[PDB]
Every structure is written in C-alpha cells, then in structure tokens.
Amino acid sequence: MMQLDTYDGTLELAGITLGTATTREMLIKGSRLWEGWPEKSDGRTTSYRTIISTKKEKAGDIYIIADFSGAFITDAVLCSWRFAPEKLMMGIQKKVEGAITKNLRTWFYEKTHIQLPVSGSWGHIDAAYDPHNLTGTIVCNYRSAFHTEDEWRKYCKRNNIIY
C-alpha cells in the first residue's frame, strides 16, 4: 500500500498519489471526503484534509493534510503535505527530537523500508513535531513551498540537504 519514491518525492498510499506535479484536480477526487482545512468561505481554500479508515493499519486512521500553491485553479500544484496514523500523531514532546518523531520514523521504516529523512532537489521529507498543536507528522516540503531561492538554500543548509 505505502511507498515513497526517494528520487522525486512522490508518496503513494491508499490509492492517493502526492507528488510535485499533483494538482488540485488530480488529488481532490473520488468517494473520498476531502475537506477544507481550513475552509475559507470566499472559496480560496488551499489546504485539505482526508482521513483514511483502513481496516488493516495497526496504528489507526491516517490523517493527511495537503497544501496547494493557489486558490480555485484546477492546476494549482501541491507544495507540501503531511500525514500520521492516529496512534502516533498526538502527544507531548519537549524537544525537536523525541519519542513522537522517533516512533513515526520507526513506523514509516516498518511500512516502506525507507529511513527518514529523505531529500533532494525536489524537497524534503521527515518526521517533525508541531509544538503548537502537540502533534507529530511525516512532513513533506516540496521546492514549490519556498517562494525564494535563498529561503530554499538556507533551509537546505539548516536541514542537511545535499544534491
């Protein structure tokens, strides 16, 4: 079910494809409930949530939030995504690295044989903790999430990305 192409950053899970060329029209489809997350009432929604209810995943329901470049357009590109299974997503971690991020990398490695982090010219994927929401997720920042080249190069240095 779950794979990640470490040469181009493309994630496949539960029949969903999340890659750098994924558009709104490609992702936001099928019987699957995608919801604005957050909704914007003027229709300018750019981030969407889906919840995978698999009856074979020990770690529970998988929360996915996908972010697009721009409002409305069928061809807006994904700039970022993140996901986690319910059982691994919530809890207190006091430092950048701790049990929540470690347990997410363990789980992902069990599922895919891929040891995070992974990165390249396309972006960067790693487990990370959100200290505002007290959540951990597997986070992908694609190159299109960076509005300037200098922002991208500084991020690469800070996050040990080399290509």
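Sequential numbering from 1, following the sequence displayed.
- Averaged over Cα atoms, the B-factor as recorded in the entry is higher for 26-34 than for the other of 120-128 and 26-34.
- For the segment pair 109-117 and 52-60, the entry gives 52-60 the higher mean B-factor, averaged over Cα atoms.
- Of all the options 90, 84, 73, 79, the entry's greatest CA B-factor is assigned to 73.
- The PDB entry assigns residue 43 a C-alpha temperature factor belonging to the highest third of its chain's modelled residues.
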